[PDB]
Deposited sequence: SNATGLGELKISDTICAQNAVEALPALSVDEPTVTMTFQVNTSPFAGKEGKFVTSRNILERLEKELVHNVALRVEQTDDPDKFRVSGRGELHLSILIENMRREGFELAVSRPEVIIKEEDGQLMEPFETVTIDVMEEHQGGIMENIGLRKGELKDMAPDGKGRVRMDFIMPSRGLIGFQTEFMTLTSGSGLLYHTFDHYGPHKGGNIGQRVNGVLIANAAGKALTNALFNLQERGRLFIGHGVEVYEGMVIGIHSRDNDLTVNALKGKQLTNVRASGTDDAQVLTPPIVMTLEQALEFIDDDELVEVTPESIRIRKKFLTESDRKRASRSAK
């Protein structure tokens, strides 16, 4: 009830663009701000680590943490954050994960598709009620792990007409299932400079871009989603109508990144990057 269910690391921005966009950049700025938050935010936990620049921050759910990050961005912070992961607990030798009660309200026509998606996310139907007017309310239990990314898919699957509400309920046996996972790789800049249309016009053929002409990139910055499952390290710098790029919400960024990535946040920007900025360091790490 105090107790958190999701954790991430918050750390000093070490990108090549660090310091160019926010006024609060130091580890002590971050720690003091997290300590200010603990004064009054009861589900939050903050742990120091062996790195003075990095803090393990846990909260009631992902939204609790993304709200804090957004407040900090607005106050003038730069930082980088790792992917949210559910806190695993053990009880009498059983490994356990957090589960949420989920209420949805959708048009009858979307019911089948929603149930299918929820079942893939290890969800279980507990109750339902049609309104007799074309909509239906349904109550589910779902692991928090399977709620990651769900809001966006739910909006697609309901064409923006569905309502979704969820909150932590209990810890219970881990469900397994490869539910926390994107199936596409990323396009990664190989060098720093201003991105150019000619380079991006060719790259937009390999996937969807996050950037357009003239955006400043750095080596290791993620600039798009690959249509295949592997990562491509690419040159952004070399009629050519560019398709409008994907702009992700902070929450979508947090839900997209893998373990080898970070979301870099500033009062002005959300950037995704690899943890290891050069291709050779990512090769050596793999």
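**Q** How would you write out the unmodelled ranges of the deposited sequence, numbered from 1?
**A** Holes in the chain trace, numbered from 1: 1 to 28, 267 to 280, 329 to 332.
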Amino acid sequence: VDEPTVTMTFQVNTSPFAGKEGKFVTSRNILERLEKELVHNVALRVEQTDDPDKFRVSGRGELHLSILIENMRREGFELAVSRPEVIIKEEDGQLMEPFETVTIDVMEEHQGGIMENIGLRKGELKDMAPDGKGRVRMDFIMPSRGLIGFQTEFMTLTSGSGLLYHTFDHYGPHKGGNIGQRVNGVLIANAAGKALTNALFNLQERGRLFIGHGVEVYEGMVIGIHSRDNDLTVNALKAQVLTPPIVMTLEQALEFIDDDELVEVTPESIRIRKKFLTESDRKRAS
From here on, numbers count along this sequence of modelled residues.
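**Q** Comparing 221 to 229 with 239 to 247, where is the mean C-alpha B-factor higher?
**A** It is 239 to 247 that shows the higher mean C-alpha B-factor.
**Q** Mean C-alpha B factor from the entry: is it higher for 188 to 196 or for 87 to 95?
**A** The recorded data point to 188 to 196.
**Q** With respect to the C-alpha temperature factors reported in the PDB entry, which of 101, 158, 82, 144 ranks highest?
**A** Result of the comparison over 101, 158, 82, 144: 158.
**Q** Would you mind checking which of 151, 178, 71, 111 has the top Cα temperature factor in the PDB entry?
**A** Within the set 151, 178, 71, 111, 151 shows the top C-alpha B-factor.
**Q** Where does the C-alpha B-factor of residue 209 rank in its chain, lowest, middle or highest third?
**A** It belongs to the highest third of the chain when residues are ordered by C-alpha B-factor.
**Q** Taking the chain's C-alpha temperature factors as the reference, tell me which third residue 164 falls into: lowest, middle or highest.
**A** It belongs to the middle third of the chain when residues are ordered by C-alpha B-factor.
**Q** Check where residue 67 lands among this chain's C-alpha B-factors and tell me if it's the lowest, middle or highest third.
**A** Its C-alpha B-factor belongs to the lowest third of this chain's values.
**Q** Quick check for you: using the entry's CA B-factors within this chain, is residue 133 in the lowest, middle or highest third?
**A** It belongs to the highest third of the chain when residues are ordered by C-alpha B-factor.
**Q** Compare the C-alpha B factor of residue 201 with those of the other modelled residues in its chain, then answer lowest, middle or highest third.
**A** Highest third, going by the recorded CA B-factors of the chain.
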